[PDB]
Each structure stands twice: as structure tokens, then as C-alpha cells.
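Report on one structure; see the data block that follows.
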There are 2 protein chains.
Amino acid sequence: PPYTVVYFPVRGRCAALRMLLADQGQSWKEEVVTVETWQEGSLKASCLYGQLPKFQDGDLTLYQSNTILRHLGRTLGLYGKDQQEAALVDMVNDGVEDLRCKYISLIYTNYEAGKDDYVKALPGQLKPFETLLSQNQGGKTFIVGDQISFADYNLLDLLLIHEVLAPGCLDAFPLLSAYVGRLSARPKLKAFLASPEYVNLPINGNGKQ
Amino acid sequence: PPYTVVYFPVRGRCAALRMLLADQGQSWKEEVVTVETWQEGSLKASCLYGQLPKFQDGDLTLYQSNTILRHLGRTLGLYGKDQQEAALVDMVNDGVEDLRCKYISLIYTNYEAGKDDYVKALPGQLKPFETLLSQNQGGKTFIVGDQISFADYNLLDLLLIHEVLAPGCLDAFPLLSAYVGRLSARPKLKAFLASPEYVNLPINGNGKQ
Ligand SMILES: N[C@@H](CCC(=O)N[C@@H](CSC(=S)NCCc1ccccc1)C(=O)NCC(=O)O)C(=O)O
Ligand SMILES: N[C@@H](CCC(=O)N[C@@H](CSC(=S)NCCc1ccccc1)C(=O)NCC(=O)O)C(=O)O
Ligand SMILES: N[C@@H](CCC(=O)N[C@@H](CS)C(=O)NCC(=O)O)C(=O)O
Ligand SMILES: [Ca+2]
Ligand SMILES: [Ca+2]
Ligand SMILES: [Ca+2]
Ligand SMILES: [Ca+2]
Ligand SMILES: [Ca+2]
Ligand SMILES: [Ca+2]
Ligand SMILES: [Ca+2]
Ligand SMILES: [Ca+2]
């Protein structure tokens, strides 16, 4: 396969770029890193920022999940039609990353005490994406413009894991709800989402979701 | 001016994009939002993600500091020479963002008790950028390729504020040390760094640095 994903045995920060690769009909190898292998120390010391994922595209080696998304966006043409749309795509993805950071903080450092405060705050955090949809062809296509972008895959992942965290959290947002149904139904993506290599991984690395 | 920056009266997440604009000979307007105006709520409610900075380039309104950097990178030609370099620029900026998030967490939530632990870990956090320099023309040009990129401006800001937090922290890193001196001496940037509109703002908004 032309691509390699090196990551822990979780969906985590690779879920979106995997969806992107599958949906775009690309093949890739998964190199799995166990917690035991990681704690040995050598792989970690060879990573630019001491962390995974690590990504190989031919002889190009990348770290940083959003760097990989943007690289795939750039090279597969999933980055809007012009500089104006590209800025909007970035704006969406940066918003997705901000909420992803908050989600990761809850999961790994404060799940038990923090969950209901997080869920009470969640509608306010999702609304900006509903508003973006409302402003683009009535929410009937994609988050930016009329072609899919890397930001769509990242947003879709974020929505999917929040429905697991808080089932029904999207019920107050008709555009986001139809959007999730619509993108998920894209044939290659639907098949990937139902496959063992997706379904049989946990969302996070600590048993929580 | 063709650009407007709407922000709190701090350097914060606007320092890099201001350095970029100044160094690239651009003019721009500063629209300042006081804590009192922000508390009133109406401006905040109008912001896409409820936060600043807000950036205007003509009738294009952007939110998210790194979206603004990437936008200016794209439109002003500070994004590498090809697709591979663009990926590397992204990789650097995402690394800078990660450390900035840690820096901000320290400053605003845990400065008193957490500073010693932060400073101890700091060499491990700066080494990646030294390594990147060592692999690009002996560290004698820019963080990626032969021309300046938006990532350089963000890295430069990150380095400057860490020298204030922990004076001498760059002493162990020859290439980053020389890099800071070299970019700081670029004529338009040198002038900006010495101007009241930079010098008379605090780095952060809580009195700590
Ligand atoms: N900005 C980076 C973040 C990479 C990252 O957080 N990687 C994690 C895995 S990805 C993820 S969703 N993990 C949850 C957050 C976490 C961070 C650090 C330790 C444990 C959990 C990792 O490698 N941890 C091991 C280590 O730091 O030694 C990116 O987007 O790729
Ligand atoms: N990902 C965004 C982050 C924007 C951001 O954090 N804006 C802060 C200002 S920028 C900064 S460096 N502030 C320090 C961190 C902070 C965050 C939230 C509240 C207070 C301080 C803000 O608007 N706070 C007001 C509010 O949320 O009501 C970006 O990069 O632009
Ligand atoms: N063309 C330059 C830089 C431009 C660039 O990086 N473009 C990316 C920025 S992440 C993009 O959004 N391209 C979308 C488009 O061409 O519409 C290169 O290949 O280095
Ligand atoms: Ca495979
Ligand atoms: Ca396309
Ligand atoms: Ca609680
Ligand atoms: Ca429903
Ligand atoms: Ca001005
Ligand atoms: Ca250039
Ligand atoms: Ca301490
Ligand atoms: Ca020195």
C-alpha cells in the first residue's frame, strides 16, 4: 500500500484520516504499536514530537494528525475550490480540533466528575457547525463548498464520538443530524465504518467513551 | 488598511500573525476589545466559536489564530515551494500550537505550582525544533526550506515568550538561539518588535509571563 499509518490500537486521532483514506478509495497499511512496545522507549525517541500517529507517504514521513489530514487534503484535492474556501476549511478543522482537545481532556483526566458539565455545555459547542451548514447550500452538501474536504471527515468523527458520549446530543440540530446520516451512507465510508478494522477498536485508550 | 485584527489588548495568539504582517510590509487595523465590552456578551455571541481573534481580509471574516496564519501563508506565499514543503510547514506549526497550548495552560491555570515542572520538561519540548533546523541547511535559513513561512513567525513568537518565562532556556540550543537573533534582526520585524504597538502590550491577559 502507498500509505502507512503507525498508531496505537485505538480510533482516536487517526479515525478521521482513516475515514478519509477509505472514502477516497485509497489503500494503506496499519502498523500497530502496543503500550508495551511504546513503554520500551526507542520508537518514542525516534518520533519528532515523541508521539503518534506517524504517517508515511512514499518516502515522506509526517507526524501530527491535522498535518496528515491537510497533506491528504492538499494532494487528493479535498481543500475547497479556492483560497477563500481553503481558509473556511481550515477554520472548520481548527474548530473541530479545539472541541477534540476538550473531549480528550474529559475522557482522560476528568470523566467521572466532568461528564455532566461537559454535556450541559455541549450544545453550545456544536451549534457553530450547525450554523456553518445553514450557510452553505442549506446544509445539503458539505461543511464548506460543494465538494467533500478533509474537514468533513474530522467533523464527522467528532460528531460520531459525541453521539456515543451523549446519545441524542445531535437531536436539536437537524442539519448536523442529516449531515451525519448522509456522509455515513457514502458507500466506501459506510463499508469502512462497518468493517472489523474500525468496529473492533476502542474509541479511546482508557476504556472510556 | 486591507486587514483588521479584533482582539483583547494582549500579544497572545495574535503576536505571530502581527509579526508576519509587519515583516511582510502589510498594513492593518487593530480593533481592541476590553474585558468590559467582552463581558457585555453581544460581541462574543456573534463570534463563530465564541472567541477572539477575529480577522477581516476584505469581506472575508475569519476566526481561529492558525486559520489566519495559514490564510496569510497561502495568500502571501509563505507556505513552502511545493506540496512536500507545505506539509512540513504544517507539521512545524502544529508542533508550535501544541507547546503553545501547554504554555497557555501553565499561565492561566497552574502557574504557581506548575512552573518548575514545566521548565524541567521544556528542553524536551524545544529539541524537536532544533532538530528540524539541524536538518535544513545547517539551521542557517528557515525552519522549512529556503524561504520564510507562516510557521517561522509562530515558532519565533513561541521562542521569545519562553525566554521570558524561563530566561536562558535556549542556551542549550545553538541553532534556535541563532535563529531567534537572525529573524529578529530582519529590518521590518526588528522595527515592529521595537514599536509601541508591540512593546506596550503584555504577553498574556492575567499579569503572568
Ligand atoms: N497534536 C498531536 C497530538 C498527538 C498525541 O496526543 N499522541 C498521543 C496519542 S493520540 C491520543 S487521542 N491520546 C490521548 C491523549 C494522550 C496524550 C498523552 C498521553 C496519553 C494520552 C501519544 O502519542 N501519547 C503517547 C505519549 O505522549 O508518550 C496530533 O494531533 O497528532
Ligand atoms: N483556538 C482558538 C483559541 C482562541 C482563544 O482561546 N481565545 C481566547 C483569547 S486568546 C488567549 S491566548 N487566551 C488565553 C487562554 C484563555 C481561554 C479562554 C478563556 C480565558 C483565557 C478568548 O477569546 N477567551 C474569551 C472567552 O472564551 O470568552 C484560536 O487559536 O484562535
Ligand atoms: N501552492 C503552494 C502553497 C499553497 C498551499 O499550501 N495550499 C494549501 C494550504 S493548506 C491549500 O489549501 N490549497 C488549496 C487550493 O489550492 O485551493 C505549495 O504547494 O506549497
Ligand atoms: Ca489496510
Ligand atoms: Ca475535490
Ligand atoms: Ca459534575
Ligand atoms: Ca433526531
Ligand atoms: Ca496599524
Ligand atoms: Ca515566499
Ligand atoms: Ca511544583
Ligand atoms: Ca546563550
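Chain B is numbered as in Swiss-Prot, which gives 2-210 for the residues shown.
Cβ atoms here come from the backbone N, Cα and C positions, even for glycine.
For the residues B:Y109, B:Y180, B:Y199, the entry in Swiss-Prot flags phosphotyrosine at a single position: B:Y199. B:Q52 (glutathione binding site) falls outside any helix or strand according to DSSP and counts as coil. For B:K103 (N6-succinyllysine), applying a Cβ distance below 8 Å and a minimum sequence separation of six or more within one chain yields B:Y119, B:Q126. In the three-state DSSP reading, B:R14 (glutathione binding site) counts as helix. The C-beta environment of B:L53 (glutathione binding site), restricted to residues of the same chain at least 6 apart in sequence and closer than 8 Å, consists of B:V7, B:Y8, B:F9, B:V34, B:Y64.
Set side by side, the recorded positions B:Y8, B:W39, B:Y199 differ in how many other CB atoms lie within 10 angstroms of their CB, and the most is found at B:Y8.
B:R14 are the recorded positions among B:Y4, B:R14, B:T62, B:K116, B:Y199 whose C-beta comes within less than 6 Å of an atom of ligand 2, given in sequence order. A C-beta separation below 8 Å, combined with a sequence spacing of at least six in one chain, links B:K128 (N6-acetyllysine) to B:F174.
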